[PDB]
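Pasted below: my_file06.csv, CSV, C-alpha atoms and all ligand atoms.
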```csv
chain,number,residue,atom,x,y,z
A,17,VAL,CA,5.9,-16.5,9.0
A,18,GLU,CA,5.0,-14.2,11.9
A,19,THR,CA,2.0,-11.9,11.7
A,20,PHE,CA,2.0,-8.6,13.7
A,21,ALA,CA,-0.6,-5.9,14.2
A,22,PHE,CA,0.7,-2.3,13.4
A,23,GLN,CA,0.7,0.1,16.4
A,24,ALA,CA,-2.6,2.0,16.4
A,25,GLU,CA,-1.0,5.3,15.3
A,26,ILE,CA,0.9,3.7,12.3
A,27,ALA,CA,-2.3,1.9,11.1
A,28,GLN,CA,-4.2,5.3,11.1
A,29,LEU,CA,-1.2,6.9,9.2
A,30,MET,CA,-1.4,4.1,6.6
A,31,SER,CA,-5.2,4.6,6.2
A,32,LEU,CA,-4.7,8.4,5.9
A,33,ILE,CA,-2.1,7.9,3.2
A,34,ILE,CA,-4.3,5.3,1.3
A,35,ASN,CA,-7.6,7.3,1.5
A,36,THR,CA,-6.7,11.1,1.2
A,37,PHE,CA,-7.0,12.6,-2.2
A,38,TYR,CA,-3.4,13.7,-3.0
A,39,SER,CA,-2.1,13.9,-6.6
A,40,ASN,CA,1.6,14.6,-5.8
A,41,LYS,CA,2.4,10.9,-5.3
A,42,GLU,CA,6.0,11.1,-6.7
A,43,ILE,CA,7.3,12.3,-3.2
A,44,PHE,CA,7.4,8.5,-2.2
A,45,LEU,CA,10.7,8.1,-4.2
A,46,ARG,CA,12.6,11.0,-2.5
A,47,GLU,CA,11.5,9.5,0.9
A,48,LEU,CA,12.8,6.0,0.1
A,49,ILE,CA,16.0,7.4,-1.5
A,50,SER,CA,16.6,9.6,1.6
A,51,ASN,CA,16.1,6.6,3.9
A,52,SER,CA,18.6,4.6,1.8
A,53,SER,CA,21.0,7.5,2.0
A,54,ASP,CA,20.7,7.6,5.8
A,55,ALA,CA,21.3,3.8,6.1
A,56,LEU,CA,24.5,4.3,3.9
A,57,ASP,CA,25.7,7.2,6.1
A,58,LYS,CA,25.2,4.9,9.2
A,59,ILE,CA,27.3,2.0,7.8
A,60,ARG,CA,30.1,4.4,6.6
A,61,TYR,CA,30.1,6.0,10.1
A,62,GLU,CA,30.4,2.5,11.9
A,63,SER,CA,33.3,1.6,9.5
A,64,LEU,CA,35.5,4.4,10.8
A,65,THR,CA,35.6,2.8,14.3
A,66,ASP,CA,35.3,-0.8,13.0
A,67,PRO,CA,36.5,-1.3,9.4
A,68,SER,CA,35.5,-5.0,9.6
A,69,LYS,CA,31.8,-3.9,9.1
A,70,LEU,CA,32.4,-3.5,5.3
A,71,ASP,CA,33.3,-7.3,5.0
A,72,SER,CA,29.7,-7.9,3.9
A,73,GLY,CA,30.2,-5.4,1.0
A,74,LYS,CA,32.5,-2.4,0.3
A,75,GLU,CA,30.4,-0.6,-2.4
A,76,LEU,CA,27.9,2.1,-1.0
A,77,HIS,CA,25.2,2.7,-3.6
A,78,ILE,CA,21.5,2.9,-4.5
A,79,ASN,CA,19.9,0.9,-7.3
A,80,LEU,CA,16.4,1.7,-8.8
A,81,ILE,CA,15.0,-1.4,-10.5
A,82,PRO,CA,11.7,-1.2,-12.4
A,83,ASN,CA,10.1,-4.4,-13.6
A,84,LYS,CA,7.0,-4.0,-15.8
A,85,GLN,CA,6.3,-7.8,-15.9
A,86,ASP,CA,6.0,-7.9,-12.1
A,87,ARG,CA,4.7,-4.3,-11.9
A,88,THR,CA,7.3,-3.6,-9.2
A,89,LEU,CA,9.7,-0.7,-8.5
A,90,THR,CA,12.7,-1.9,-6.3
A,91,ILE,CA,14.9,0.5,-4.3
A,92,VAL,CA,18.1,-1.4,-3.3
A,93,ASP,CA,20.9,0.0,-1.0
A,94,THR,CA,24.1,-1.5,0.6
A,95,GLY,CA,23.4,0.5,3.8
A,96,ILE,CA,23.5,-0.7,7.4
A,97,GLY,CA,20.4,-2.9,7.0
A,98,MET,CA,18.0,-3.7,9.8
A,99,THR,CA,17.7,-6.3,12.6
A,100,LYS,CA,14.5,-8.3,13.3
A,101,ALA,CA,14.0,-5.9,16.4
A,102,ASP,CA,14.2,-2.9,14.0
A,103,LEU,CA,11.6,-4.4,11.7
A,104,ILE,CA,9.1,-5.4,14.4
A,105,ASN,CA,9.1,-2.9,17.3
A,106,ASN,CA,11.9,-0.3,17.2
A,107,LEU,CA,10.9,1.5,13.9
A,108,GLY,CA,7.2,1.4,14.8
A,109,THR,CA,7.8,3.0,18.2
A,110,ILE,CA,9.9,6.0,17.0
A,111,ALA,CA,7.3,6.5,14.3
A,112,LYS,CA,4.5,6.8,17.0
A,113,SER,CA,5.5,10.4,18.0
A,114,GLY,CA,6.3,11.4,14.3
A,115,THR,CA,2.8,10.2,13.2
A,116,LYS,CA,1.0,12.2,15.9
A,117,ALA,CA,3.1,15.4,15.0
A,118,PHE,CA,2.4,14.8,11.3
A,119,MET,CA,-1.4,14.2,11.7
A,120,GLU,CA,-1.5,17.4,13.9
A,121,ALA,CA,0.4,19.3,11.1
A,122,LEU,CA,-2.0,18.2,8.3
A,123,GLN,CA,-5.0,19.4,10.5
A,124,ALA,CA,-3.0,22.7,10.9
A,125,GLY,CA,-2.6,23.2,7.1
A,126,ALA,CA,0.5,21.1,6.2
A,127,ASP,CA,0.6,18.7,3.2
A,128,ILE,CA,1.6,15.0,2.7
A,129,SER,CA,4.9,16.1,0.9
A,130,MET,CA,6.1,17.2,4.4
A,131,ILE,CA,5.9,13.5,5.7
A,132,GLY,CA,9.7,13.0,5.8
A,133,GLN,CA,10.2,15.9,8.2
A,134,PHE,CA,8.3,13.8,10.8
A,135,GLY,CA,10.5,10.7,10.2
A,136,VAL,CA,7.7,8.5,8.8
A,137,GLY,CA,8.6,9.1,5.1
A,138,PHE,CA,8.6,5.3,4.4
A,139,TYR,CA,4.8,5.0,4.6
A,140,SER,CA,4.4,7.4,1.6
A,141,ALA,CA,5.2,4.1,-0.4
A,142,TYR,CA,1.5,3.4,0.2
A,143,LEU,CA,0.6,6.4,-2.1
A,144,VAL,CA,1.7,4.2,-5.0
A,145,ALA,CA,2.0,0.6,-3.7
A,146,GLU,CA,-0.7,-1.9,-2.9
A,147,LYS,CA,1.9,-4.0,-1.1
A,148,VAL,CA,5.5,-3.3,0.1
A,149,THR,CA,8.1,-6.0,0.8
A,150,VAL,CA,11.3,-5.0,2.7
A,151,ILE,CA,14.3,-7.5,2.4
A,152,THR,CA,17.0,-6.5,4.9
A,153,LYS,CA,20.3,-7.8,6.1
A,154,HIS,CA,22.2,-6.3,9.1
A,155,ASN,CA,25.8,-7.5,10.1
A,156,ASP,CA,24.7,-8.7,13.5
A,157,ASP,CA,21.6,-10.6,12.2
A,158,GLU,CA,20.0,-12.9,9.5
A,159,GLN,CA,18.2,-11.9,6.3
A,160,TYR,CA,14.6,-11.0,7.0
A,161,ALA,CA,11.6,-10.2,4.8
A,162,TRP,CA,9.0,-7.7,6.1
A,163,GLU,CA,5.8,-7.4,4.1
A,164,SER,CA,2.5,-5.5,4.4
A,165,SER,CA,-0.6,-4.8,2.1
A,166,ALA,CA,-1.7,-2.4,4.9
A,167,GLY,CA,-5.0,-3.4,6.6
A,168,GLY,CA,-3.5,-3.1,10.1
A,169,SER,CA,-1.0,-6.0,9.9
A,170,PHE,CA,2.5,-6.8,8.6
A,171,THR,CA,4.5,-10.1,8.4
A,172,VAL,CA,8.1,-10.9,9.2
A,173,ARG,CA,9.9,-14.1,8.1
A,174,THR,CA,13.5,-15.3,7.7
A,175,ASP,CA,14.2,-14.8,3.9
A,176,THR,CA,15.5,-18.1,2.4
A,177,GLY,CA,16.0,-16.3,-1.0
A,178,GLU,CA,19.1,-14.9,-2.7
A,179,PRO,CA,21.6,-13.5,0.0
A,180,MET,CA,22.3,-9.7,-0.2
A,181,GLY,CA,25.4,-9.4,2.0
A,182,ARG,CA,24.2,-6.1,3.8
A,183,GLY,CA,21.6,-3.5,3.1
A,184,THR,CA,17.9,-3.1,2.4
A,185,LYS,CA,15.7,-3.8,-0.6
A,186,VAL,CA,12.2,-2.1,-0.7
A,187,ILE,CA,10.0,-3.8,-3.3
A,188,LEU,CA,7.0,-1.7,-4.3
A,189,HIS,CA,4.1,-3.7,-5.7
A,190,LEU,CA,2.5,-0.8,-7.6
A,191,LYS,CA,-1.2,-0.1,-7.9
A,192,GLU,CA,-2.7,-0.7,-11.4
A,193,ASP,CA,-3.0,3.1,-12.1
A,194,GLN,CA,0.6,4.0,-10.9
A,195,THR,CA,2.6,2.2,-13.7
A,196,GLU,CA,4.2,5.6,-14.7
A,197,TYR,CA,6.7,4.9,-11.9
A,198,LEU,CA,8.1,2.0,-14.0
A,199,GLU,CA,8.9,4.4,-16.9
A,200,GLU,CA,12.6,5.5,-17.3
A,201,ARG,CA,11.9,9.2,-18.1
A,202,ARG,CA,9.4,9.5,-15.1
A,203,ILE,CA,12.0,8.0,-12.6
A,204,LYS,CA,14.8,10.2,-14.1
A,205,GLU,CA,12.6,13.3,-13.8
A,206,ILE,CA,11.8,12.5,-10.1
A,207,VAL,CA,15.4,11.8,-9.1
A,208,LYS,CA,16.6,15.0,-10.8
A,209,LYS,CA,13.8,17.1,-9.1
A,210,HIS,CA,14.0,15.6,-5.6
A,211,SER,CA,17.2,13.8,-5.1
A,212,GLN,CA,19.8,15.9,-6.9
A,213,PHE,CA,22.1,16.1,-3.8
A,214,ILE,CA,22.4,12.5,-2.5
A,215,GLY,CA,26.0,11.6,-1.5
A,216,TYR,CA,25.9,8.1,-3.2
A,217,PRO,CA,25.7,6.8,-6.8
A,218,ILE,CA,22.1,6.1,-7.8
A,219,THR,CA,21.8,3.7,-10.7
A,220,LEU,CA,18.5,3.5,-12.6
A,221,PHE,CA,18.4,0.0,-14.2
A,222,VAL,CA,17.0,-0.4,-17.7
A,223,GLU,CA,14.6,-3.2,-18.8
A,301,LIG,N1,12.8,3.8,8.0
A,301,LIG,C1,12.5,3.0,7.3
A,301,LIG,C2,12.1,2.0,6.2
A,301,LIG,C3,12.1,0.6,6.9
A,301,LIG,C4,10.7,0.1,7.2
A,301,LIG,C5,10.9,-1.3,7.7
A,301,LIG,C6,9.6,-2.0,8.1
A,301,LIG,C7,8.8,-1.2,9.2
A,301,LIG,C8,8.6,0.2,8.7
A,301,LIG,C9,10.0,0.9,8.3
A,301,LIG,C10,13.0,2.2,5.0
A,301,LIG,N2,12.6,2.7,3.9
A,301,LIG,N3,13.7,2.7,3.0
A,301,LIG,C11,14.8,2.2,3.7
A,301,LIG,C12,16.1,2.0,3.3
A,301,LIG,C13,17.0,1.5,4.3
A,301,LIG,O1,18.3,1.3,3.9
A,301,LIG,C14,16.6,1.2,5.6
A,301,LIG,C15,15.3,1.4,5.9
A,301,LIG,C16,14.4,1.9,5.0
```
Could you render the structure as structure tokens?
Ligand SMILES: N#C[C@H](CC1CCCCC1)c1n[nH]c2cc(O)ccc12
Amino acid sequence: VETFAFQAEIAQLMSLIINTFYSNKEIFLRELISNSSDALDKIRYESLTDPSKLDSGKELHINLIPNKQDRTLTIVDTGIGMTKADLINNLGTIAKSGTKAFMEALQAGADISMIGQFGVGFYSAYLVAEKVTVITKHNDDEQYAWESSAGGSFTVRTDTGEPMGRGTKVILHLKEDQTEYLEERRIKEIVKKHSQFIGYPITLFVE
């Protein structure tokens, strides 16, 4: 288990998301589904030049898994996945410029729902989640588990759990007052409203 400090700009962004009064929390789902969609586009692209990249799984889909017992909402995709380098430094560094631009926009009159237009859409998970776990598997790397309850740090470890093949699993450990996001009709309503034109099948699992 390795512990890392978030880059200063990211930590500020996470504090902003956790502390600002913002009722329109549902936008987190569209951001996560959109990222899943982009990771699926990437793998499909790489498969045109190298068809052997689909050996780790041919199906390109998005699964929404609520679990009321565990109070978790899981977003699973069979996309490109991420390497340990993507989890640690790479994604944090591209986010640096996006965060600055986003924080400047909020000061200029923009709202939190515009987060994805700055490429930092992921962190909107912190509107609803007290902890986020990211399980990922890229073709050129091992299965890793990223985790953060915010507070300026995240952890990375080799995941010894159930193998995935290829893709990313985002586990949202929901805050006590955000259980509506485990309800079928609420999820259906959000997906219909915000993710009506995603080019992959989205399956909402039942409990
Ligand atoms: N971008 C992005 C995040 C990854 C997150 C990893 C840990 C550091 C912060 C970014 C993300 N959210 N949802 C996804 C779905 C994917 O198929 C791949 C990446 C993501």
Compile a residue-level contact table for chain A against ligand LIG 301 (chain A) at a cut-off of 6 Å, reporting for every qualifying residue the shortest atom pair and its distance in Å to one decimal, with only C-alpha atoms and all ligand atoms counted, rows ordered by chain and ascending number, as CSV.
```
residue,atom,partner,partner_atom,distance
A:48,CA,A:LIG301,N3,4.5
A:51,CA,A:LIG301,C11,4.6
A:52,CA,A:LIG301,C12,3.9
A:55,CA,A:LIG301,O1,4.5
A:93,CA,A:LIG301,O1,5.7
A:95,CA,A:LIG301,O1,5.2
A:97,CA,A:LIG301,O1,5.6
A:103,CA,A:LIG301,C6,4.8
A:107,CA,A:LIG301,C9,5.7
A:138,CA,A:LIG301,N2,4.8
A:183,CA,A:LIG301,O1,5.9
A:184,CA,A:LIG301,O1,4.7
```
Using only C-alpha atoms, please write the residues we just selected to a file, as an mmCIF file, in the coordinates of the input.
```
data_model
loop_
_atom_site.group_PDB
_atom_site.id
_atom_site.type_symbol
_atom_site.label_atom_id
_atom_site.label_comp_id
_atom_site.auth_asym_id
_atom_site.auth_seq_id
_atom_site.Cartn_x
_atom_site.Cartn_y
_atom_site.Cartn_z
ATOM 1 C CA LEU A 48 12.800 6.000 0.100
ATOM 2 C CA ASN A 51 16.100 6.600 3.900
ATOM 3 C CA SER A 52 18.600 4.600 1.800
ATOM 4 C CA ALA A 55 21.300 3.800 6.100
ATOM 5 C CA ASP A 93 20.900 0.000 -1.000
ATOM 6 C CA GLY A 95 23.400 0.500 3.800
ATOM 7 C CA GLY A 97 20.400 -2.900 7.000
ATOM 8 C CA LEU A 103 11.600 -4.400 11.700
ATOM 9 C CA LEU A 107 10.900 1.500 13.900
ATOM 10 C CA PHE A 138 8.600 5.300 4.400
ATOM 11 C CA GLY A 183 21.600 -3.500 3.100
ATOM 12 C CA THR A 184 17.900 -3.100 2.400
#
```
Checklist entry - In file coordinates, which residues lie within 7 Å of (6.0, -14.5, 7.6) using all atoms listed in the file, given as an MDAnalysis selection string? => result chainID A and resid 17:19 171:173
Checklist entry - Within 10 Å of (-5.6, 5.5, -8.8), all atoms listed in the file: residues as a VMD selection string? => result chain A and resid 37 39 143 to 144 191 to 194
Next on the checklist: With distances taken over all atoms listed in the file, which residue among A:109, A:99, A:155, A:94 lies nearest residue 135 of chain A?
Outcome noted: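 Among the listed residues, the smallest separation from residue 135 of chain A belongs to A:109.
In this model, the gap between atom CA of residue 121 of chain A and atom CA of residue 40 of chain A comes to 17.6 Å.
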Spatial neighbours of residue 77 of chain A, max dist 12 Å, all atoms listed in the file, sep filter under 2 positions, as a PDB file with C-alpha atoms, in the coordinates of the input:
```pdb
ATOM      1  CA  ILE A  49      16.000   7.400  -1.500  1.00  0.00           C
ATOM      2  CA  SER A  52      18.600   4.600   1.800  1.00  0.00           C
ATOM      3  CA  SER A  53      21.000   7.500   2.000  1.00  0.00           C
ATOM      4  CA  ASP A  54      20.700   7.600   5.800  1.00  0.00           C
ATOM      5  CA  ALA A  55      21.300   3.800   6.100  1.00  0.00           C
ATOM      6  CA  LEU A  56      24.500   4.300   3.900  1.00  0.00           C
ATOM      7  CA  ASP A  57      25.700   7.200   6.100  1.00  0.00           C
ATOM      8  CA  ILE A  59      27.300   2.000   7.800  1.00  0.00           C
ATOM      9  CA  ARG A  60      30.100   4.400   6.600  1.00  0.00           C
ATOM     10  CA  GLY A  73      30.200  -5.400   1.000  1.00  0.00           C
ATOM     11  CA  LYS A  74      32.500  -2.400   0.300  1.00  0.00           C
ATOM     12  CA  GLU A  75      30.400  -0.600  -2.400  1.00  0.00           C
ATOM     13  CA  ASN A  79      19.900   0.900  -7.300  1.00  0.00           C
ATOM     14  CA  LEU A  80      16.400   1.700  -8.800  1.00  0.00           C
ATOM     15  CA  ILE A  91      14.900   0.500  -4.300  1.00  0.00           C
ATOM     16  CA  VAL A  92      18.100  -1.400  -3.300  1.00  0.00           C
ATOM     17  CA  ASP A  93      20.900   0.000  -1.000  1.00  0.00           C
ATOM     18  CA  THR A  94      24.100  -1.500   0.600  1.00  0.00           C
ATOM     19  CA  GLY A  95      23.400   0.500   3.800  1.00  0.00           C
ATOM     20  CA  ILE A  96      23.500  -0.700   7.400  1.00  0.00           C
ATOM     21  CA  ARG A 182      24.200  -6.100   3.800  1.00  0.00           C
ATOM     22  CA  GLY A 183      21.600  -3.500   3.100  1.00  0.00           C
ATOM     23  CA  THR A 184      17.900  -3.100   2.400  1.00  0.00           C
ATOM     24  CA  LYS A 185      15.700  -3.800  -0.600  1.00  0.00           C
ATOM     25  CA  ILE A 214      22.400  12.500  -2.500  1.00  0.00           C
ATOM     26  CA  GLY A 215      26.000  11.600  -1.500  1.00  0.00           C
ATOM     27  CA  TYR A 216      25.900   8.100  -3.200  1.00  0.00           C
ATOM     28  CA  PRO A 217      25.700   6.800  -6.800  1.00  0.00           C
ATOM     29  CA  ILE A 218      22.100   6.100  -7.800  1.00  0.00           C
ATOM     30  CA  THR A 219      21.800   3.700 -10.700  1.00  0.00           C
ATOM     31  CA  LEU A 220      18.500   3.500 -12.600  1.00  0.00           C
TER      32      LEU A 220
END
```
Next on the checklist: Can you measure atom CA of residue 152 of chain A to atom CA of residue 180 of chain A for me? One decimal in Å is fine.
Outcome noted: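 Computed distance, atom CA of residue 152 of chain A to atom CA of residue 180 of chain A, equals 8.0 Å.
When atom CA of residue 23 of chain A is paired with atom CA of residue 169 of chain A, their separation reads 9.1 Å.
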Checklist entry - Which residue gives the smallest distance to residue 198 of chain A among A:32, A:83, A:117, A:156, with all atoms listed in the file counted? => result A:83
Checklist outcome for this item: Using only C-alpha atoms, the best pick from A:206, A:43, A:188, A:27 as closest to residue 86 of chain A would be A:188
Item to check | Given all atoms listed in the file as the counted atoms, nearest of A:122, A:34, A:104, A:130 to residue 147 of chain A | outcome: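 The shortest atom-to-atom distance to residue 147 of chain A comes from A:34.
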Item to check | Nearest to residue 129 of chain A by atom-to-atom distance, counting all atoms listed in the file, from A:42, A:158, A:62, A:175 | outcome: A:42
Next on the checklist: Measuring between only C-alpha atoms, which one of A:119, A:101, A:203, A:45 shows the shortest distance to residue 134 of chain A?
Outcome noted: A:119
Next on the checklist: List as a ChimeraX atom specification the protein and nucleic acid residues near residue 176 of chain A, meaning an atom at most 9 Å away when all atoms listed in the file are counted, but skip any in the same chain fewer than 3 places from it.
Outcome noted: /A:159-160,173,179
Item to check | Spatial neighbours of residue 85 of chain A, max dist 12 Å, only C-alpha atoms, sep filter under 5 positions, as number ranges by chain | outcome: A: 189-190, 195, 198, 223
Next on the checklist: When you look at residue 222 of chain A with a cut-off of 8 Å (counting all atoms listed in the file), what residues show up, excluding the ones that are within fewer than 2 positions of it in the same chain? I need them as a PyMOL selection string.
Outcome noted: chain A and resi 81-82+200+220
